[PDB]
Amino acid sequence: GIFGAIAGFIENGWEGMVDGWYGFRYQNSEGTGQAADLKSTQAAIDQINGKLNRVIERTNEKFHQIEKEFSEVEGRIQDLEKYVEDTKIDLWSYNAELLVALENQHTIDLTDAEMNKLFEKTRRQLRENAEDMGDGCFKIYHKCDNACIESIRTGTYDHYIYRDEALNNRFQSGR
C-alpha cells in the first residue's frame, strides 16, 4: 500500500479481532485488552459497499436483437453481423478487466489509508506523552488504566493532565 501501514509498519493483522476491521490492543495497570474502532471500520465499509454501483448502472432489459449463430454461409451481411457482435464483446471484456483492477487498487489504498489515519489520529492525541515504537505501538510514559485508555479511544484524552508525570518518566535518564 502507498501508506505502508498494512503489510508495513504494522507487521500483521489480528485474526482474533471479530468486533471490527481496525482497532486497539493495550497493556496497562489493569492487564491487557482489545477494542475495535467503529468509525474507521465504518468508513472503510461504506466505501466498499455498493462500490460497483457507482459505475455500472442497474442492469437493463433488452429484447429482440440480431442473430448471432448461423446455419448457412451468406457472406457479406453475416460477416458484418459477426464483426459487430465480436467487436462489442471484446470492448466489454476490456472494460470489465480494467474496472476490476481500478476498483481493487482503490480498495487497497483506501483500507491502508484508514489504518494510517487511525494511527496518526491516535498519535496526535498523545502529543509529547508517548513514543512511536515502530510496531504501530505507542509507549505511553505514564500510568494509564482502562478509563485512561478508553478516553484515548473516544477522542477525549487530555495530555496536559499527564504531561508532568510523563516528563518525569521520560527524562528519568540522560547519561
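Note that residue numbering begins at 1 and tracks the sequence as displayed.
Across the two stretches, 54-62 and 115-123, the PDB entry reports the greater mean Cα temperature factor for 54-62. Higher mean CA B-factor, judged across 146-154 and 106-114 from the recorded values: 146-154. Highest C-alpha temperature factor among 71, 87, 78, 93 per the entry: 71. The entry lists a Cα temperature factor for residue 44 that places it in the lowest third of the chain's modelled residues. In this PDB entry, the Cα temperature factor of residue 30 sits in the top third of its chain's modelled residues, the highest group.
Split the chain's modelled residues into thirds by C-alpha temperature factor. Residue 128 is in the highest one.
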